[PDB]
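Chemist: To be precise about what I am sending: the file is called protein05.cif and holds mmCIF, C-alpha atoms.
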data_final
loop_
_atom_site.label_atom_id
_atom_site.label_comp_id
_atom_site.auth_asym_id
_atom_site.auth_seq_id
_atom_site.Cartn_x
_atom_site.Cartn_y
_atom_site.Cartn_z
CA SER A 149 -26.39 -50.01 26.11
CA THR A 150 -24.16 -48.58 28.84
CA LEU A 151 -25.90 -45.23 28.36
CA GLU A 152 -29.33 -46.62 29.25
CA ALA A 153 -27.69 -48.66 32.02
CA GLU A 154 -26.29 -45.54 33.69
CA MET A 155 -29.63 -43.79 33.14
CA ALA A 156 -31.38 -46.59 35.03
CA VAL A 157 -28.74 -46.48 37.76
CA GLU A 158 -29.43 -42.78 38.24
CA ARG A 159 -33.14 -43.54 38.31
CA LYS A 160 -32.12 -45.60 41.32
CA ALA A 161 -30.90 -42.47 43.13
CA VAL A 162 -34.22 -40.92 42.09
CA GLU A 163 -36.39 -43.72 43.47
CA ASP A 164 -34.62 -44.77 46.65
CA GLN A 165 -34.28 -41.20 47.90
CA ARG A 166 -37.82 -40.30 46.80
CA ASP A 167 -39.07 -43.14 49.00
CA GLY A 168 -36.66 -42.33 51.82
CA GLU A 169 -37.38 -38.64 52.31
CA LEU A 170 -41.12 -39.37 52.40
CA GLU A 171 -40.47 -42.24 54.83
CA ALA A 172 -38.50 -39.97 57.17
CA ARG A 173 -41.04 -37.14 57.11
CA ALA A 174 -43.87 -39.64 57.65
CA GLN A 175 -42.08 -41.22 60.61
CA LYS A 176 -41.60 -37.77 62.14
CA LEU A 177 -45.25 -36.87 61.58
CA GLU A 178 -46.48 -40.16 63.05
CA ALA A 179 -44.30 -39.74 66.14
CA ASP A 180 -45.59 -36.19 66.58
CA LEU A 181 -49.17 -37.45 66.21
CA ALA A 182 -48.71 -40.27 68.71
CA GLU A 183 -47.38 -37.59 71.05
CA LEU A 184 -50.27 -35.19 70.40
CA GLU A 185 -52.74 -38.03 71.03
CA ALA A 186 -50.82 -39.04 74.17
CA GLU A 187 -52.01 -35.92 76.01
CA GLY A 188 -55.47 -34.39 75.91
CA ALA A 189 -55.62 -32.26 72.76
CA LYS A 190 -58.52 -30.75 70.84
CA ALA A 191 -59.62 -32.79 67.84
CA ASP A 192 -59.32 -29.70 65.63
CA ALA A 193 -55.62 -29.50 66.50
CA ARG A 194 -55.12 -33.13 65.46
CA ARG A 195 -57.07 -32.54 62.24
CA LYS A 196 -54.85 -29.57 61.37
CA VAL A 197 -51.72 -31.56 62.25
CA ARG A 198 -52.87 -34.31 59.88
CA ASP A 199 -53.65 -31.74 57.17
CA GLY A 200 -50.17 -30.24 57.45
CA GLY A 201 -48.61 -33.70 57.43
CA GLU A 202 -50.47 -34.66 54.26
CA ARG A 203 -49.35 -31.36 52.73
CA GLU A 204 -45.72 -32.18 53.56
CA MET A 205 -46.04 -35.75 52.25
CA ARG A 206 -47.52 -34.65 48.93
CA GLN A 207 -44.99 -31.82 48.66
CA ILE A 208 -42.11 -34.28 49.06
CA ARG A 209 -43.66 -36.64 46.52
CA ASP A 210 -44.02 -33.72 44.10
CA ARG A 211 -40.45 -32.50 44.64
CA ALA A 212 -39.45 -36.05 43.71
CA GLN A 213 -41.79 -36.55 40.73
CA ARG A 214 -40.79 -33.23 39.15
CA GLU A 215 -37.07 -34.05 39.11
CA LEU A 216 -37.77 -37.64 38.07
CA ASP A 217 -39.68 -36.50 34.98
CA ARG A 218 -37.08 -33.80 34.27
CA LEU A 219 -34.44 -36.53 34.17
CA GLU A 220 -36.69 -38.63 31.95
CA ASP A 221 -36.94 -35.60 29.66
CA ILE A 222 -33.19 -35.10 29.37
CA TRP A 223 -32.79 -38.71 28.22
CA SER A 224 -35.76 -38.43 25.86
CA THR A 225 -34.10 -35.41 24.24
CA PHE A 226 -30.67 -37.06 24.07
CA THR A 227 -32.23 -40.00 22.22
CA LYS A 228 -33.50 -37.93 19.28
CA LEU A 229 -30.29 -35.91 18.79
CA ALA A 230 -29.58 -35.29 15.09
CA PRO A 231 -27.94 -32.37 13.27
CA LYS A 232 -29.83 -29.12 12.63
CA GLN A 233 -31.81 -29.61 15.85
CA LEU A 234 -32.23 -26.33 17.73
CA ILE A 235 -31.85 -26.36 21.53
CA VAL A 236 -33.22 -23.40 23.49
CA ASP A 237 -33.01 -24.51 27.14
CA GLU A 238 -29.40 -23.31 27.64
CA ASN A 239 -29.27 -25.60 30.71
CA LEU A 240 -30.24 -28.94 29.16
CA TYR A 241 -27.39 -28.15 26.76
CA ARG A 242 -24.88 -28.16 29.62
CA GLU A 243 -26.24 -31.47 30.90
CA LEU A 244 -25.84 -32.99 27.44
CA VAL A 245 -22.34 -31.54 27.11
CA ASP A 246 -20.86 -32.71 30.41
#
Produce structure tokens that represent the structure in this file.
Modeler:
Amino acid sequence: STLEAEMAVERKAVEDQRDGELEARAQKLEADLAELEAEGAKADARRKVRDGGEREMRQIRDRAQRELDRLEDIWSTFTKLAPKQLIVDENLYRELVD
């Protein structure tokens, strides 16, 4: 019970910060775009700015998702722990130990 409770609580650190980093980067990009559109700038420049901003947004979402699923995986493994099971990660083992 408390195990799954603490797992959920950590999922909270996963979710809030996943949303927050993306929010910050998006705010920065939108400010930079409102600045670029304030002056007279070529439309190709704005298109490339938007492309880079989408790249950054998706990259942040991926950096989140990857760790989120990794943490799901550690719990999934911990659940099915029974003797004679062979662990090969050599890092997951440390997470399970500590």
Chemist: Might you pull out every residue within 9 Å of segment 158-163 of chain A, with all atoms listed in the file counted and same-chain residues fewer than 5 positions away left off, and present them as a list in words?
Modeler: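 Non-adjacent residues within range: residues 153, 168, 212, 213, 215, 216, 219 and 220 of chain A.
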Chemist: Find the residues near residue 169 of chain A: any atom within 8 Å, counting all atoms listed in the file, skip ones fewer than 4 places away on the same chain, and give them as a PyMOL selection string.
Modeler: chain A and resi 165+173+208
Chemist: Filtering to C-alpha atoms, could you give me those residues as a PDB file, keeping the file's coordinate frame?
Modeler:
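Full text of part30.pdb as output:
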ATOM      1  CA  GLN A 165     -34.280 -41.200  47.900  1.00  0.00           C
ATOM      2  CA  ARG A 173     -41.040 -37.140  57.110  1.00  0.00           C
ATOM      3  CA  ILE A 208     -42.110 -34.280  49.060  1.00  0.00           C
TER       4      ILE A 208
END
Chemist: Kindly indicate which residue among A:184, A:170, A:189, A:157 lies nearest to residue 203 of chain A, using all atoms listed in the file for the distances.
Modeler: A:170
Chemist: So which residues touch residue 225 of chain A within 12 Å, counting all atoms listed in the file, skipping near sequence neighbours fewer than 2 positions away, as a PyMOL selection string?
Modeler: chain A and resi 218-223+227-230+233-235+237+240-241+243-244
Chemist: Store the residues picked out above, limited to C-alpha atoms, as a PDB file, in the frame of the given file.
Modeler:
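part.pdb was written with the following content:
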ATOM      1  CA  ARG A 218     -37.080 -33.800  34.270  1.00  0.00           C
ATOM      2  CA  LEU A 219     -34.440 -36.530  34.170  1.00  0.00           C
ATOM      3  CA  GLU A 220     -36.690 -38.630  31.950  1.00  0.00           C
ATOM      4  CA  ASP A 221     -36.940 -35.600  29.660  1.00  0.00           C
ATOM      5  CA  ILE A 222     -33.190 -35.100  29.370  1.00  0.00           C
ATOM      6  CA  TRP A 223     -32.790 -38.710  28.220  1.00  0.00           C
ATOM      7  CA  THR A 227     -32.230 -40.000  22.220  1.00  0.00           C
ATOM      8  CA  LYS A 228     -33.500 -37.930  19.280  1.00  0.00           C
ATOM      9  CA  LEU A 229     -30.290 -35.910  18.790  1.00  0.00           C
ATOM     10  CA  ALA A 230     -29.580 -35.290  15.090  1.00  0.00           C
ATOM     11  CA  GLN A 233     -31.810 -29.610  15.850  1.00  0.00           C
ATOM     12  CA  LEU A 234     -32.230 -26.330  17.730  1.00  0.00           C
ATOM     13  CA  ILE A 235     -31.850 -26.360  21.530  1.00  0.00           C
ATOM     14  CA  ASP A 237     -33.010 -24.510  27.140  1.00  0.00           C
ATOM     15  CA  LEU A 240     -30.240 -28.940  29.160  1.00  0.00           C
ATOM     16  CA  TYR A 241     -27.390 -28.150  26.760  1.00  0.00           C
ATOM     17  CA  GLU A 243     -26.240 -31.470  30.900  1.00  0.00           C
ATOM     18  CA  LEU A 244     -25.840 -32.990  27.440  1.00  0.00           C
TER      19      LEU A 244
END
Chemist: Looking at only C-alpha atoms, which of A:238, A:210, A:246, A:185 is the one that sits closest to residue 198 of chain A?
Modeler: A:185
Chemist: Atom CA of residue 195 of chain A and atom CA of residue 172 of chain A, how far apart in Å?
Modeler: 20.6 Å
Chemist: From the list A:179, A:214, A:224, A:174, which residue is nearest residue 202 of chain A when using all atoms listed in the file?
Modeler: A:174
